[PDB]
Amino acid sequence: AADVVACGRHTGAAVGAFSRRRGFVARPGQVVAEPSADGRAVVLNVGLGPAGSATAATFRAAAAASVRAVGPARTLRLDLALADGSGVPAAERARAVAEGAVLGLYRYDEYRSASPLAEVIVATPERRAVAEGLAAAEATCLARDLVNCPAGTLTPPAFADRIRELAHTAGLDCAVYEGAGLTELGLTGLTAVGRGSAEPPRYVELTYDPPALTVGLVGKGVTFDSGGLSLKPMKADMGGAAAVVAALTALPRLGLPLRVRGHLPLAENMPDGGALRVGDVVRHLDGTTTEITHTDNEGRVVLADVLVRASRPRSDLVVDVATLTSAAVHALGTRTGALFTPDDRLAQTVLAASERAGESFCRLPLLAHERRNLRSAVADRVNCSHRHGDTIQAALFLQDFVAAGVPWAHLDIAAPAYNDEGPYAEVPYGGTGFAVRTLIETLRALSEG
Amino acid sequence: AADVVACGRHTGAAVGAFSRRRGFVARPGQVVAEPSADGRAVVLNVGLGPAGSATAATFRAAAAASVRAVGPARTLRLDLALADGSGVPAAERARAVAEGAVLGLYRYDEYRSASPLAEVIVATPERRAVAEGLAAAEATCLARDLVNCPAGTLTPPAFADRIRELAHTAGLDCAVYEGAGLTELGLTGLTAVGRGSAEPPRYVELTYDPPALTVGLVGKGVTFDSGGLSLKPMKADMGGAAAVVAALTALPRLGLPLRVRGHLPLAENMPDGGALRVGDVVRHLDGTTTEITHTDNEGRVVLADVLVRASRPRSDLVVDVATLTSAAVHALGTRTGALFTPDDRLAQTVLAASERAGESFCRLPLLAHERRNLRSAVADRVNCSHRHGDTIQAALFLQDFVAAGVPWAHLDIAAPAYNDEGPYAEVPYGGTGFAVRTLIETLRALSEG
Amino acid sequence: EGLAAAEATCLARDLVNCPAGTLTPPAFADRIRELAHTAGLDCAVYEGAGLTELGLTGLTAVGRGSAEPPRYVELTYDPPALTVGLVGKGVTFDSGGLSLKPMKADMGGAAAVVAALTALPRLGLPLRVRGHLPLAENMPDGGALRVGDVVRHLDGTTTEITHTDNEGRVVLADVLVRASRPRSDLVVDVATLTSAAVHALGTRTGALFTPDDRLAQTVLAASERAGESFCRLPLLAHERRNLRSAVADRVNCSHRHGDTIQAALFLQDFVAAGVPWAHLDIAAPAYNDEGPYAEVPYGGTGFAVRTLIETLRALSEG
Ligand SMILES: [Cl-]
Ligand SMILES: [Cl-]
Ligand SMILES: [Cl-]
């Protein structure tokens with residue numbers, strides 16, 4: 001038997017006298033606990049708001065609120081997806097409730113010294129949708145764990161080792177490049193940025209090959225970013241690599257008819273007697289040059305050569321994900337990512353995917369007039385203009401390295417990848433796993449078309 | 001009938017199965033609501049922790065937690081003070097529960113556009129203690145209201161008007177000095193600091209004369225402090241005046257055999273074409289001079305002449321209360337006030353009073369070697385050394401103005417007067433009314449001896 | 001008695017004044033060994049693999065960025081029925097690490113402890129005293145301690161490094177575990193620990209923390225005899241909330257006001273249950289960067305040497 005049962009209630013739905021006396025008015029995520037009818041167990045009444053305004057995000061948030069209110073129970077049954085009357089179809093309700101339950105239960109206690117809850121059950125006939133939601137949420141929590149991991153544990157070599165182990169679990173193809181084998185690939189930005197650190201850099205390629213469409217995902221894996229010699233105005237700057245790895249791990253379970261390759265440059269950015277210097281010039285894999293005008297804009301320099309490699313003459317589409325710029329957050333706020341692409345059809349695909357996933361993105365323009373801020377007196381471009389517009393300038397910088405004719409999108413997720421404000425809804429303090437579920441929904445949509 | 005009854009539970013005390021299933025373990029301030037035995041009402045089980053470790057502060061905090069958990073109820077009965085088994089005597093339990101209930105219910109909604117709770121009842125035979133606690137808490141909430149009030153509403157003239165109205169309610173004697181009548185008193189610091197503002201300064205004396213001991217209380221009433229021309233590194237810098245006024249309003253109800261006089265300089269510190277200048281010299285009521293080296297250290301300059309007036313050849317003791325220095329907070333933190341006095345017996349009286357009231361103070365030394373940091377090249381002293389130790393230097397500065405032989409204490413309450421972190425226990429966000437209850441307990445102790 | 005106390009103070013002044021390039025952690029350990037030999041104080045110096053064996057994780061983590069390796073020294077006066085442990089912070093150069101400061105004088109606590117120990121054979125107190133001295137540099141480097149790293153201490157508890165400039169408390173943690181382990185009747189630590197202290201206390205007064213009122217009075221009266229200024233600050237229970245971490249058992253920096261009190265509470269966690277303890281935070285008065293006055297020079301002052309000696313004298317009588 002369930003120790004606790006969570007009942008979804010839209011505004012106007014009947015609850016008992018005790019629930020009314022406690023102030024239950026079905027506000028989204030409001031929870032009031034009471035004894036079960038027979039007095040042997042617990043019932044949670046959980047608000048879903050007005051039936052007419054409810055979305056999948058309402059259900060996701062209500063499930064997370066339910067799991068947070070479980071107390072010392074061993075078993076919890078969520079009946080939330082059985083609540084009908086909203087416009088959210090049964091399968092969408094089931095998927096969202098399953099996701100919210102896993103996301104809301106997430107804890108990162110690995111590094112504390114010194115959970116009665118053994119089973120969460122989602123009630124619904126939509127078993128496929130439950131499975132899909134659990135898998136998406138489990139992938140999100142993998143990314144959360146990677147971001148939360150101290151940089152001393154998750155070094156570039158350790159991260160490469162972890163990716164290899166994850167790949168083995170579905171027999172994703174995995175190649176790890178290190179030392180002389182890495183030098184051979186000509187990823188000059190990665191090796192230049194990574195050299196100051198005592199930890200050597202790594203490059204990992206991770207392939208799902210279950211198709212007619214091949215998608216390349218590029219994820220920024222800076223495991224610790226101190227700003228280098230220039231300083232910042234630090235373990236979470238591998239959030240892009242975390243999102244890409246996690247999305248790839250979810251694909252074998254979903255069984256999408258789509259080939260997907262992950263490209264993952266891993267490094268630390270540290271000050272040191274041998275660190276990358278202001279004024280240095282990097283000669284990239286495509287023969288073009290970048291002048292290092294600020295060592296804290298290292299991400300774009302690392303990604304450059306990987307985008308050349310990923311788009312070389314073959315992937316039909318390349319998507320990069322990176323915690324790239326701080327300028328983004330000033331106008332967009334802390335919970336919204338930035339999307340760049342020249343392809344309007346790809347923009348709509350990514351944006352609709354983010355809406356299904358409950359993740360907030362804003363498309364920003366690849367402004368031609370900001371290219372003047374890439375100009376260098378010495379090299380082909382700079383990595384920092386010291387002027388306003390760095391979020392757009394970084395996107396334009398990356399665009400230079402994507403081979404002619406290859407559709408491309410760039411996701412700048414610096415702010416929403418790490419929550420330094422309190423927990424809310426299904427999102428914890430700290431590493432969030434932001435963009436995992438957007439990526440999965442994007443890949444699902446691309447596989448259909 | 002009570003809609004809600006709050007039951008105090010020490011660790012190990014019996015609660016029903018539902019309460020156990022919800023995780024009730026009697027942690028201090030933990031609340032679990034359940035149906036009453038007959039199913040017609042609500043019971044709150046409220047944690048009081050181990051009987052052996054419980055203090056009056058435990059009861060105060062539990063009462064505040066209870067009132068926050070009332071929901072939409074019209075009537076609440078707190079049975080918390082009936083819980084025995086701790087070392088806290090019945091009268092102390094009753095006083096603390098009454099205080100915590102009022103303090104925990106506090107809201108400041110005067111300036112919002114657009115409470116079903118009509119009665120809170122404290123169950124106990126200790127009716128005198130309940131009355132004492134309600135009165136102390138009501139005085140605290142008066143101070144909270146004054147601090148929370150926007151500076152545009154609570155100007156120096158408006159504040160003087162409010163004090164006059166409060167005084168009238170018990171026929172405390174009240175004299176308000178303004179314009180030419182104020183100029184006659186020779187409070188040079190007050191008039192110099194206040195001149196930049198469009199609002200004119202005020203000085204108010206408020207006397208409780210129901211005795212053989214006469215106590216003077218001096219409260220800093222800067223209703224808005226911009227830092228003046230020097231700037232800060234702002235409505236809450238009248239927290240000292242608020243505490244003094246509120247303590248005085250509580251005395252007629254308590255009926256202490258003690259004469260108490262309040263001395264309240266009120267002003268704004270603003271930049272302006274006619275504002276106090278760096279390098280200006282103030283000639284005080286005692287003939288000594290102060291050089292203005294920083295216009296943001298205006299509080300000590302305002303208080304100086306009032307301390308001369310208050311201690312002049314008569315008050316047996318003078319206590320000043322002021323939100324004086326920011327340096328305090330760096331080592332003491334945001335919830336602890338600083339106490340200065342040369343009189344060890346007075347220090348113990350104030351500290352024991354603060355312990356009874358549940359307010360945190362630390363005695364700091366009047367360090368003779370910090371007097372060298374008061375030296376000026378032009379006047380008798382400076383108002384700012386630009387060196388470390390300003391909290392101690394400010395206390396030494398004030399000490400200069402207290403007439404020879406008069407016992408004196410100074411309370412620097414800058415940090416705990418305003419809570420800019422979240423609410424906790426019986427303390428809200430914003431104006432706290434800090435030091436009201438310490439002052440009342442100090443005056444009670446002095447009246448006995 | 002006065003000449004000996006003053007000579008010990010001047011030893012501490014010399015150690016603090018010494019350039020960090022001369023007084024490296026290995027060089028400091030060598031100097032302590034030589035000083036110990038002069039009265040045959042027992043002296044053990046731990047380095048390399050022998051140091052790793054002691055499990056002083058904070059010391060080895062903080063010290064790793066520097067080209068200079070860390071050292072740990074134990075120095076014992078055993079001439080008694082009372083045994084006192086003294087713990088002295090010996091950061092020979094503190095750059096702030098990767099986080100930066102808002103630098104050779106951050107071994108003033110170790111200097112005071114060493115100097116006090118050297119004075120005991122002359123005075124002949126009937127008291128056993130053990131010094132515990134972690135020595136390291138805090139430097140930025142490709143291999144330096146990172147923000148977000150977690151240190152697992154000798155007692156099994158964990159600390160999250162939220163600011164690399166609060167390295168002193170992290171170094172002291174494991175030494176306090178070792179010094180108070182199941183035996184010393186009392187442990188006193190001395191450290192140039194926090195800058196927040198000085199803001200309200202000024203540049204010539206140290207901060208004293210202890211839960212034991214009788215020990216507080218002993219230390220304060222000793223400081224009065226010695227002519228050194230201390231102020232007792234409270235171990236505020238409500239400041240413990242500022243030690244909370246989202247990842248580890250505690251943080252080394254809250255980024256909030258009250259760091260002097262928070263540092264004392266941090267250290268308190270590592271002192272074994274039931275062992276009386278006091279903490280002296282001497283950051284400001286250990287180095288005089290204002291002019292000379294009275295008996296105090298510009299620069300290294302040897303602050304707390306004479307307070308420690310007077311404290312040990314009082315404890316030896318009772
Ligand atoms: Cl970048
Ligand atoms: Cl002031
Ligand atoms: Cl520290």
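Numbers restart at 1 for each chain; the letters A, B, ... are given by sequence-line order, proteins then strands.
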Distance-minimising heavy-atom pair for [X] and [Y]:
X       : Y       : result
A200(C) : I392(B) : O-CG1, 3.2 Å
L201(C) : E370(B) : O-OE2, 4.3 Å
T334(B) : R241(C) : OG1-NH2, 4.0 Å

Inset, instruction - Check whether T325(B) gets within reach of chain C through its side chain, its backbone, both or neither, counting any heavy atom under 4.5 Å. - result: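 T325(B) has no heavy atom closer than 4.5 Å to chain C.
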Legend entry - For chain B, the option from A263(C), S195(C), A207(C), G202(C) that forms the most heavy-atom pairs under 4.5 Å: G202(C)
Inset, instruction - Specify which of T260(C), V198(C), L233(C) makes the most heavy-atom pairs with chain B at under 4.5 Å. - result: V198(C)
Legend entry - Contact check, side chains of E290(C) and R387(B), non-hydrogen atoms, under 4.5 Å: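 Counting from C-beta outward, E290(C) and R387(B) do come under 4.5 Å.
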Legend entry - Donor-acceptor side-chain pairing of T205(C) and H369(B) below 3.5 angstrom: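 Distance-only check passes for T205(C) and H369(B).
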